[PDB]
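Trainee: Pasting a structure below so you can have a look.
Protein chains in written order, with PDB author numbering: chain 1, 256 to 305; chain U, 3 to 54, 62 to 78, 83 to 136.
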């Protein structure tokens, strides 16, 4: 569109030459009883009405 | 464990004797309370019941292990008091002495069994 020679451009690049290593651990929240997965549950209930 | 099965009967008898001893001493202590009923346990039936559970499963280290947590029969009154107290001194004094004697006998038998199991091993 502009024509040969009717355009000039120059590019400079800031690069990344730093070696990085990352380990990510994520736990799904289980505070709601509906999405909570259980292995063992002990429920002792006592009601001594006088 | 097999060691528990051998000593289960005497341990349960000793514990039941201690519990009934506490109940009899409570009957003695509350002799003067008006309206107090003298309570007791049937030793043989409760010993059957104890002689005749599911630890919750621990998947890892953080998982918390399961946390752990008798029937009293009224004594038939002999003399009618006016304040409603049915505790009789003589009957429960004899029962108290008998329970003390049987607790000592159970201690003797359990100690003899443990001492025999020990001299089998010593050498």
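Ideal Cβ positions, reconstructed from N, Cα and C, are used throughout, including at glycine.
Would a check of beta-carbon distances place residue 297 (chain 1) closer than 7 Å to chain U?
Mentor: Closer than 7 Å to some Cβ of chain U, the Cβ of residue 297 (chain 1) qualifies, so yes.
Trainee: Could you check the C-alpha separation between residue 81 (chain U) and residue 53 (chain U) for me, to the nearest Å?
Mentor: Between 78 and 83 in chain U the model has nothing, and residue 81 (chain U) is one of the residues in that span.
Trainee: CA-CA distance, residue 125 (chain U) and residue 37 (chain U)?
Mentor: Rounded to the nearest angstrom, the two C-alpha atoms are 44 Å apart.
Trainee: Suppose you measure from the CA of residue 35 (chain U) to the CA of residue 99 (chain U); what does that come to, to the nearest Å?
Mentor: Spanning the two alpha carbons is a distance of roughly 10 Å.
Trainee: Answer yes or no: do residue 64 (chain U) and residue 297 (chain 1) have a C-beta to C-beta separation smaller than 7 Å?
Mentor: No; because the gap between Cβ atoms is not below 7 Å, this pair is not in contact.
Trainee: Using the three-state DSSP reduction, which class does residue 116 (chain U) fall into: helix, strand or coil?
Mentor: Helix, per DSSP.
Trainee: Using 10 angstroms around the beta-carbon of residue 302 (chain 1), count the other beta-carbons present and answer buried if the total reaches 16, otherwise exposed.
Mentor: Exposed, by the Cβ-count rule.
Trainee: Between residue 107 (chain U) and chain 1, is the shortest Cβ-Cβ distance under 7 Å, so that the two count as touching?
Mentor: No, its Cβ sits nowhere closer than 7 Å to a Cβ of chain 1.
Trainee: Measuring only the C-alpha atoms, how far is residue 62 (chain U) from residue 78 (chain U)?
Mentor: Cα-Cα distance, rounded: 11 Å.
Trainee: Quick one: is residue 65 (chain U) near chain 1, going by C-beta distance under 7 Å?
Mentor: By this cut-off, residue 65 (chain U) is an interface position.
Trainee: Under DSSP, the alpha helix (DSSP H) around residue 6 (chain U) begins and ends at which residues?
Mentor: Counting along the chain, the alpha helix (DSSP H) containing residue 6 (chain U) begins and ends at 4-31.
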